[PDB]
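Novice: Take these chains first, placed just as they are in the complex:
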Amino acid sequence: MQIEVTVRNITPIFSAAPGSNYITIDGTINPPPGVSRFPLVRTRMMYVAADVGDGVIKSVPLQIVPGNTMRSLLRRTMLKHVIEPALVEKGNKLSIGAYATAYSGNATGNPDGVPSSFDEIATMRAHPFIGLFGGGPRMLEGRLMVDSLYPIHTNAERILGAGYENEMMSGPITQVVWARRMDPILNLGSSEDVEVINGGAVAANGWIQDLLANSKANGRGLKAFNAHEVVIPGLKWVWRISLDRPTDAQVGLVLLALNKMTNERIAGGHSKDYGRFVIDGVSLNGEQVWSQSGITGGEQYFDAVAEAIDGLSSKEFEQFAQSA
Amino acid sequence: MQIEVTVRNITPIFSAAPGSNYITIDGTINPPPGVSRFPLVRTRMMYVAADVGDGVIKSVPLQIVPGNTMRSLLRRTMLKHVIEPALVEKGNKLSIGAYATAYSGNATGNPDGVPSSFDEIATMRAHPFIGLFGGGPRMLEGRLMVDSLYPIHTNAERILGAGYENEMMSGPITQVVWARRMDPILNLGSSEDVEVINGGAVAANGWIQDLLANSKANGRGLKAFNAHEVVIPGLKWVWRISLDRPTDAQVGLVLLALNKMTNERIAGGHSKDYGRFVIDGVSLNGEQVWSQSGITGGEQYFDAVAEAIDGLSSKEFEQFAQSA
Amino acid sequence: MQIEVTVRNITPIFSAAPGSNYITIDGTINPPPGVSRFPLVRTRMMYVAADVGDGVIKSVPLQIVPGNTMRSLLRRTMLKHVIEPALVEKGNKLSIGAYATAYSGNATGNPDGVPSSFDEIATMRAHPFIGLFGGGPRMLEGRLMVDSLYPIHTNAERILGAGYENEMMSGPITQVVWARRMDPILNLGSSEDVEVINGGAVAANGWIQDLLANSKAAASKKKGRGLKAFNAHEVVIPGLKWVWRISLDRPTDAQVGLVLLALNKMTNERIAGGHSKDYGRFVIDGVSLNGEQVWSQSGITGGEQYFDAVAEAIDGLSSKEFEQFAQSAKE
Amino acid sequence: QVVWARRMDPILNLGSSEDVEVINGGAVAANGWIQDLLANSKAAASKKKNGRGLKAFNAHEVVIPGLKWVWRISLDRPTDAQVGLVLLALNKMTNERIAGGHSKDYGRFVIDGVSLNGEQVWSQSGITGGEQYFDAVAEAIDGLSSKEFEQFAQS
Amino acid sequence: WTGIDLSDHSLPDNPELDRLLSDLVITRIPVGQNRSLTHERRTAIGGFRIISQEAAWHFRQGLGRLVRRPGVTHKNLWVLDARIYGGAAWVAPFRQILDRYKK
């Protein structure tokens, strides 16, 4: 079962690529030393083979949001607005391990050596939340295959073989966004502002001297300057959600998580409002089901997840999490 | 009988290589100790003779998925998509030993070092599926030979004989992909989030303090940050499948699984949808028989396997798996 | 004829080395004991005197295919593609001892030390196939003499005199390839997957309980063999250039023609092993006949006298010579 | 270094109907061979707790290739034709082998040098120099006759 | 090192009194003295065998400056590289040319 979630990003997308990268005042990502490099955390990039010129395929950059990131995102919306309301309406109580395994695939960092008995595999695989995301102490396989967010871009013409041939962006899709820290005690100005600090003006003054003693001279003070590379907004992305012999309840759960997908953020940089997005279209095995009012279609999936929400107990999450 | 199945992976290929590889914050792999060392799980690589300076051939790395794994993927597609539907379609039921001997090479890790009788060997090497995949307790040799998947890369230009020179790509084909698993109990946030947890916030708080205990010092917490090296996506691969004097049913079974092989993941990284691929072409002893809808031509092989799956019975598999 | 053939393996070469070798998870061959070790089946190695540095002449390991191996391969290609086709288009047929003599050299073990007639020795060494592979119970000296497969390598510089300094590799030449062997019913996930197994869930869960009981037995032994066996085997890397020296002490033209027709059938043949993993496929990129390059991409395009001689000797082929070759004097 | 060699049964290595039509008796003859091998295996297994089969796994230790060997050829007051004969043998020796092991093609070699009383005389294309030896052996082999061999033999 | 005629042409008929070069001194074994593209490629193929080989060639060409014609006398050769008199193996070829002289 194949799902293709085509979205447009309202705010810019920052999913931080690990790597202490550096930036100058105008471009030159990771310059040579002595040009006064500034710290730079770039957005997550996937190298991708692409048709660069006629007959030549090169490994080129393309900035993505990771499939692991949005696997955990889909699992998170699934659990916060469907699963947790079900377990509050029936009063079912999860354990610490059951909660942590339902959100993270494991209760501890040690998976168990034994494999689960086949009845437990069949019952858990049949269960929609467990089937979509496996794991646990006995390392269950899940039915969900969450692919990364590629933009609809020339670097992904080799990726989008079927469909999405139009709406192709030629140029780069990143902008460097600069954030500075400022010290408020440097910027306060007035003593009527410092009448709310206990200790008066002399305490604020003494902190100014601490920072002056740091300015002459490794406890970090304040007032840093940073840049972070972001993916530019308004561009169409594609999400691929593949399923592995799914029950109708698992697909209905995915569509239940998918309808509210917009409230959440496909990114990091929470405070900067990075990750806001609107779903342009959703296709089940290629068929378009998406409307402005969520998903229009797939009624057997919605009915199956309706009957699977009912009778969903905590004990499924408890038994799977419990280590041998 | 020689088959050249050119595929293109859509999402990144990750066939993990055994070994304790480590990665720093940057691209450095297996660094000198004392630095921040994060565990890397590299893709399976093979060394090839390649002209690094147009006369000097040196064993360069090139990332592959092994033919042992490729044989299993081809075996599993035929086993799940052709063999088992024909078995339950005529009601034929295998024992668990014959089931393991269908999926693995035999049922028990001990083989009897006993010759199987000739008539037995002739029936099984005339059997389509069991002729493809030998083994069993008496250790039959198959007729199927699966080579590892190879991209049309300039490192494999000595592997790739002819007809693939234009398709060859150049440069690095790998990307390190970072993965994190935090503690979602650290990302809990509100008192309405802990009500699903039994005992509530204090119990959640209890988990937190063990984390702080595990901060100050074998049980392992949830929070992990690591990396896995993958092949890039959208690259063009080639696959060699050789067939030793094959009967018509055996080649037809090969064409059946490959044609329906699109719905399948090249093994490694299921949750991140890593194994997804699309088959660009299938050269059938040098003749291109692939289309967008599957294998056109090859009509006698599809016919012979169609008259083979009519008449598949359990007793051949049972006599294959029966130890002397 | 002093035939020299260079074959490019386009997949790995795995002629397994007998022994009990181990490897750690990292990739160190034969580790000191106490560390977690997995069985490694190395490729065939010969020690070779070679030039490291300058005049510091040393035994280095060079990874080969045995001469006995590729000799058997040469026999099987000619037997499969020239001899037995030309033996069954006519009415001739072979006894099981004479098939065993034509393939394994001898119809059985326990050879008769009673020798063989001089007219017989002369007629078998004038034969196209028997003079090449002089087996039999009375042990002939076959006139086909087959080299080990050498990679054109800096460690084989003393083996290969001149003309091979270009297209010649150096350094490490192998790769350890791992295999998992995953137990299949651990992959079982639903009632749809389990319907072909007799009993379905009960038999699957019973084998699961057997596996966990064997796991407790293994934990008791550390502090009946399952289907999880994760191991390693070392292959020679693909794309290497190899040299193969066929030698024929005063051959009949039909006999070297049989070698050349076998070489024609050399393509779509497997060198060493690893038949499940397609190891040992290769392409010939050169054939030299007394040093004269006689290989085009279409085929031989040369050695024509040997070709018509082996042609005339394979319509003249029959089973009488094979049967009187395999006939044992005591039996 | 130990080089291992296994002979195995090729009636174990059959397996197609096209593989067996070349057999006198065919399928039944091959299966009778199989049951004979089975009975021999059970007889051997009961013997451990004389007709053998074809499977044979053995070893032979060989000297490593590429090694330089020396070879001292001392002629106790020779004639000139004798040294010419030894030199022609050293010229034409390249097509012949050492120590047997013919099937494995062991003993293949190349002559690096030939020092005649300590002065190097070997070339890549034979022996350059010693022309009096070559002339003496040329007159001798023009003069070669089997009657000398017969008078050395019989009388 | 290579390609210089240090014989007197003011003394054509008498090489016994030729005295243009009485002393030749080698301060260092000529390793790495050729850095052409073809020779660097050949070094990359063969390894250190090409470098030690070409170093021996440059060493014999530097040693060829002493004698240019028969009949000269009292020609002094010196080598001052300490690897000549050490026990290192890779400088072994520069022994045997050195072994063709005595005392």
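Specialist: On my side now, so go ahead. Numbers count the residues shown, from 1 in each chain, chains lettered A, B, ... in the order given.

Novice: Just confirm yes or no for the host helix or strand of residue E:42 near chain B.
Specialist: Following DSSP states H and E, one finds residue E:42 within helix E:37-46. Yes. Using Cβ under 8 Å from any Cβ of the partner chain, helix E:37-46 reaches chain B at E:41, E:44-45. Using the backbone N, CA and C atoms, a C-beta is placed for each residue, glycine as well.

Novice: For that helix, which helices and strands make contact with it?
Specialist: helix E:48-63 (3 or more Cβ pairs under 8 Å, 6 or more residues apart in numbering or on different chains; DSSP states H and E).

Novice: Pull the residues that contact the helix it packs on.
Specialist: Residues external to helix E:48-63 that are found in contact with it (Cβ atoms under 8 Å, 6 or more residues apart in numbering or on different chains): C:51, C:53-54, C:154, E:1-3, E:24, E:26, E:29-34, E:39, E:42-43, E:77, E:90, E:93-94, E:97.

Novice: Dump that helix to PDB, restricted to CA.
Specialist: Taking Å, rounded to 0.1, in the frame of the first residue of the first chain, the C-alpha atoms of helix E:48-63 are listed here in PDB:
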ATOM      1  CA  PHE E  48      58.900   1.800  -4.600                       C
ATOM      2  CA  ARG E  49      60.500  -0.600  -7.100                       C
ATOM      3  CA  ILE E  50      60.300   2.100  -9.800                       C
ATOM      4  CA  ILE E  51      61.800   4.700  -7.500                       C
ATOM      5  CA  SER E  52      64.600   2.500  -6.300                       C
ATOM      6  CA  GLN E  53      65.200   1.400  -9.800                       C
ATOM      7  CA  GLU E  54      65.400   4.900 -11.200                       C
ATOM      8  CA  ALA E  55      67.500   5.900  -8.200                       C
ATOM      9  CA  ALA E  56      70.000   3.200  -9.100                       C
ATOM     10  CA  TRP E  57      70.000   4.500 -12.700                       C
ATOM     11  CA  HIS E  58      70.700   8.000 -11.600                       C
ATOM     12  CA  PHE E  59      73.400   6.700  -9.200                       C
ATOM     13  CA  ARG E  60      75.100   4.800 -12.000                       C
ATOM     14  CA  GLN E  61      74.800   7.900 -14.300                       C
ATOM     15  CA  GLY E  62      76.400  10.000 -11.500                       C
ATOM     16  CA  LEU E  63      79.100   7.400 -11.100                       C
END
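
Novice: now for chain F, put it on the one above:
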Amino acid sequence: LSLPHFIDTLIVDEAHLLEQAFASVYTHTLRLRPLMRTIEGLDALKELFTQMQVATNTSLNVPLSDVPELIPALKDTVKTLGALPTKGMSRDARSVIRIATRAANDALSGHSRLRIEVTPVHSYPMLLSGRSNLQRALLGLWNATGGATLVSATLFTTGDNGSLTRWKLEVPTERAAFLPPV
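Specialist: To build on what is shown above, here is chain F added in:
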């Protein structure tokens, strides 16, 4: 024209330099300062020098693995040097223009290596397009030779071992013969 198309017998004295001769004729060098003085009597070649600055081994044995801005500057150098008016150009200046355009067009193909060098007199910029594989040229030489004599004082490594020098000038081993030295 200069020599017969087939040489029936070729004898080469001072053999050990012959290979270096091929390495000199298949190497085309651009010298920047004489050109820069000749045009005064373009700005893109100044940018080409500034780009050659950014790339103690400075771009040794690298055909195209470094292209910071080397090929747009090379194409601009080719067009700005080839389109200058030949009328009014000095009879000794057009030689400098032609040797520089031949070096630039030898670097245009990508079939040759690149290497920068400096002069002994000063740190002047030197661009070179030499070739490290000379098998086709030397094979075409030995095809046009019926028989040849390898002559030099320095041909053999140890004894009569001329495999190194046979691998210098790409002599066919079927045609090679390493005679005992004196």
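
Novice: Please re-evaluate the contacts of helix E:48-63 in the presence of chain F.
Specialist: Helix E:48-63 is contacted by residues C:51, C:53-54, C:154, E:1-3, E:24, E:26, E:29-34, E:39, E:42-43, E:77, E:90, E:93-94, E:97, F:16, F:153-154, F:157, F:164 when judged by Cβ under 8 Å, 6+ apart.

Novice: Of those, select the buried ones using a ChimeraX command.
Specialist: Here is the ChimeraX command that selects only those of the contacts of helix E:48-63 that count as buried (16 or more other Cβ atoms under 10 Å in any protein chain shown):
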select /C:51,53,54,154 /E:24,26,29,30,31,33,34,39,42,43,90,93,94 /F:16,154,157,164
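
Novice: wait, what's in contact with residue D:150?
Specialist: Going by Cβ under 8 Å, 6+ apart, residue D:150 touches no other residue.

Novice: which element is it on?
Specialist: helix D:146-153.

Novice: max-length helix in chain D?
Specialist: Identified as the longest helix of chain D according to DSSP state H is helix D:26-48.

Novice: got a list of contacts for whichever helix or strand comes after that helix?
Specialist: Later in the chain than helix D:26-48, the nearest helix or strand by DSSP H and E is strand D:56-61. Strand D:56-61 is contacted from outside by C:18, C:109, D:1-8, using Cβ under 8 Å, 6+ apart.

Novice: Mind listing the strands strand D:56-61 pairs with, and their directions?
Specialist: Strand pairing for strand D:56-61, using DSSP bridges, gives strand D:2-7 (antiparallel).

Novice: residue contacts, the residue positioned nearest the centre of chain F?
Specialist: With distances taken as Cα atoms, centre = their mean, chain F has residue F:27 as the residue nearest its mean C-alpha position (0.6 Å). For residue F:27, the contacting residues are E:37, F:128-131, by Cβ under 8 Å, 6+ apart.

Novice: can you add DNA strand G next? sequence is:
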DNA sequence: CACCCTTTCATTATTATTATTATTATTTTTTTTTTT
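Specialist: So that you can see how it sits with the rest, here is DNA strand G on the chains above:
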């Protein structure tokens, strides 16, 4: 005649071993020539 072939005799009676040991990692900076 020389040569070429087939079958007689004996009854021995333990059986140590070589315990040696086996798969790599080193330099380094010229400035020529006499061609289009």
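
Novice: Repeat for what packs on helix E:37-46, accounting for DNA strand G.
Specialist: Using 3+ Cβ pairs under 8 Å, 6+ apart: helix E:37-46 touches helix E:48-63, helix F:18-25.

Novice: can the last one be found next to chain C?
Specialist: The reference is to helix F:18-25. No. For helix F:18-25, no contact with chain C is found by Cβ under 8 Å from any Cβ; the gap never falls below 14.5 Å.

Novice: Give the buried residues for that helix.
Specialist: Neighbour-count burial for helix F:18-25, counted by 16+ other Cβ under 10 Å, picks out F:18-19, F:22-23.

Novice: Show me the helices in chain F, by range?
Specialist: Listed from the start of the chain, chain F has helices (DSSP H) covering F:18-25, F:32-40, F:43-54, F:70-82, F:93-109, F:135-143, F:163-166.

Novice: Most tightly packed of these?
Specialist: Among the helices of chain F, ranked by average contacts under mean count of other Cβ atoms under 10 Å in any protein chain shown, first place goes to helix F:163-166 (a mean of 21).

Novice: do it and chain E meet?
Specialist: Yes. Using Cβ under 8 Å from any Cβ, helix F:163-166 reaches chain E at residue F:164.

Novice: Just the CA atoms of that helix, as PDB, please.
Specialist: Provided in PDB are the C-alpha atoms of helix F:163-166 (Å, rounded to 0.1, in the frame of the first residue of the first chain):
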ATOM      1  CA  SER F 163      61.700  -4.500 -18.400                       C
ATOM      2  CA  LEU F 164      61.800  -1.100 -16.800                       C
ATOM      3  CA  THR F 165      63.000   0.700 -19.900                       C
ATOM      4  CA  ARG F 166      60.700  -1.500 -22.100                       C
END
